[PDB]
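Understanding the architecture of this molecule
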Amino acid sequence: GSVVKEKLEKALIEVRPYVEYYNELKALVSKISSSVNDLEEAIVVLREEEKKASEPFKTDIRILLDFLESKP
């Protein structure tokens, strides 16, 4: 796996009380971190995952996604 996976594992825990379908995000992030080489590659992929998703799984993805980007 990539060093991307670690930053993604940190993100999982922090947004965990906010995100519904944490298990689903957990399977998605387990997939993408083995596919993407950069954290920026994980971000843009999750910007598609959001579009492909529907609420509240679209709310799940955006919370972790943004948190990676570190947008205030």
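Residues numbered from 1 in each chain as written, not as in the entry; some residues may be left out. Heavy atoms only, no water.

Its PDB header names solution NMR as the technique used to obtain the model.

The record for the entry shows the title "RDC-refined SOLUTION NMR STRUCTURE OF PROTEIN PF2048.1".

What the rule picks out here adds up to zero aromatic pairs. Its end group placed over the ring of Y22, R16 keeps NZ or CZ at 5.7 Å from the ring centre. (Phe/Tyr/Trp six-rings, centres within 6.5 Å; stacked < 30°, edge-to-face > 60°. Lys NZ or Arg CZ within 6 Å of the ring centre and 35° of its normal.)

What follows covers the pattern of salt bridges. Considering all chains together, one arrives at five salt bridges under this definition. In this structure, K51 engages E48 in a salt bridge whose closest nitrogen and oxygen atoms are separated by 3.0 Å. Here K51 and its partner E48 are both found in helix α3 (residues 39-52), three residues apart, which amounts to about one turn of the helix. One salt bridge connects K71 with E69, and the closest N-O pair in it is separated by 3.4 Å. (Salt bridge = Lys/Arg side-chain N within 4 Å of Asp/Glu carboxyl O. Helix = DSSP H or I, 4+ residues; strand = E, 2+ residues; numbered from the N terminus.)

Moving on to the packing of helix α1 (residues 4-15) against helix α2 (residues 22-32). At a minimum axis distance of 11 Å, the contact between α1 and α2 shows a crossing angle of 175°. As the angle between them shows, α1 and α2 are arranged roughly antiparallel. When α1 is examined against α2, the residues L8, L12 and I13 are found in contact with a partner set consisting of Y22, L25, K26, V29 and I32. Residues that form the contact of α1 with α2 fall into these classes: seven nonpolar, no polar and one charged. (Axes fitted to C-alpha atoms, helices over the stretch in contact; angles between N-to-C directions. Parallel < 35°, antiparallel > 145°, perpendicular 65-115°, else oblique. Contact = heavy atoms within 4.5 Å. Nonpolar A, V, L, I, M, F, W, Y, C, P; charged D, E, K, R; others polar.)

Here we come to the environment of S33. You can see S33 is positioned in the loop between α2 and α3. Under the relative-accessibility criterion, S33 is labelled buried at 1%. Between the C-alpha atom of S33 and that of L64, which follows or precedes it by 31 residues, the distance is 14 Å. Dropping the residues within four chain positions of it, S33 is found in contact with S2, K5 and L8. (Buried < 20%, exposed > 50% of the residue type's maximum accessible area, 1.4 Å probe, protein only.)

As for its position among the elements, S35 is in the loop between α2 and α3. Its relative accessible area of 53% is what places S35 among the exposed residues. In the structure, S35 is positioned 22 residues away from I13 in sequence and 21 Å away in space, judged by C-alpha atoms. A polar contact is formed between the side chain of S35 and the backbone oxygen of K31, at a distance of 3.2 Å. (Polar contact = N/O pair within 3.5 Å; in protein donor to acceptor, adjacent residues only side chain to side chain.)

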